[PDB]
């Protein structure tokens, strides 16, 4: 009785303001829970109107809905769309004049405004919280709610402070929405936001039109160039883990004539805006970017997402690869993997404060590395990482399309390990390989490694082959590459039996 009357009102809003006909599966349930006064956590990795989960009940309820958003540009996109549908929406941010802000605040006070978009830093100021007490507050919705967990612990602490708001207003329902959240992030959102036994609704993470590919990184730039050229004019994004790398890569692509521009947070806001706008207008083919190029990109025809450096966790990977193929047509995610890049990230993590937070981050990084090293379907790894049970392989990932192939690697291991032995475990990868292929430069003849027996024993095979062999022995735990001594290749206890070679060994051909 009381719950269907609510849903009836919601349906009319769905029709009258948004112009849709029927609720899809799951929508009515979330919307009803919110109308019934319950807290909600909505995880909709799919698409494409999860904003409706709060906008519709904000238009049925009497009072103001506050929507917390991480980005001025998001605030503006959503307020503008609501204004186009005739809804009294507004926002507050620092690019407004004071008199503009005052008029928004008076609108909230009078009930003219129905939805107010606002950043947590403004919202969580003590005095602002006090002014809210006097408004008629119907709901609080936190968009891109993964930011609570991903930013609230360090980069933007007011994201973690929103629970204080929750306790100040126990009678107003709170809703958190996100597209990417593993179990850890979900629990972190519930905790930090103080959600009270929330309805949790999680839809599928499957993107069947995205093909997940990985390529072992040997000649980064040449492989990237060859890959970009094979896209033959297609629109795409190339992610790197540093501003510098983004500038270089951008430049070096422009050199070869490719429509590419750099995008990162050290560029001026009018440049970033132009790059994004161009990319959207299809006036730019490729954006080369840090994580700054991200939220609030509604470009439906991104055909490839390249990770030139492996991301810091699977959620970032999922979210970034997921910008491809939003129109439903074949798109490709392509990861260029160097294990050394993992070691770099591991190093960055275990420099900061020990404890539970770092163990979570280390776990999530480690999971990213396991996805990269998997010899099973990539999609099975992703989907199961997110708690979506599946066992059948996808047929549309690099492991499924080109299965791993193993060979007797015993002899190769001997050569590589023996070569590392002879140089007394004081030299890096590049050097040890030079030795292996019998290629003579000054340092070989100078140090006298051209007379050694192992010198040139692997000249019959490429430097790519030996990098893969050695990368594999590091992964197996036979060889270390401790940054401690400038990434010198050292042998471990497990080296011995292979070096004498009665312990058998399969290796994999490189990807």
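Numbering follows the first chain given and starts at 1.
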{"item": "Stretch exceeding the other in mean C-alpha B-factor - 339-347, 176-184", "value": "339-347"}
{"item": "Mean temperature factor over C-alpha atoms, higher-scoring stretch between 296-304 and 195-203", "value": "296-304"}
{"item": "Highest recorded Cα temperature factor - choice among 27, 55, 482, 62", "value": "482"}
{"item": "Selection from 156, 378, 256, 168 [criterion: highest C-alpha temperature factor in the record]", "value": "256"}
{"item": "Position of residue 460 among the chain's modelled residues by C-alpha B-factor, lowest, middle or highest third", "value": "highest"}
{"item": "Where the record places residue 279 (Cα B-factor, split into thirds across the chain)", "value": "middle"}
{"item": "Record-listed C-alpha B factor of residue 212: chain third", "value": "lowest"}
{"item": "Third of the chain's Cα B-factor distribution that residue 68 belongs to, per the entry", "value": "lowest"}
{"item": "Residue 39 by Cα B-factor - lowest, middle or highest third of the modelled chain", "value": "lowest"}
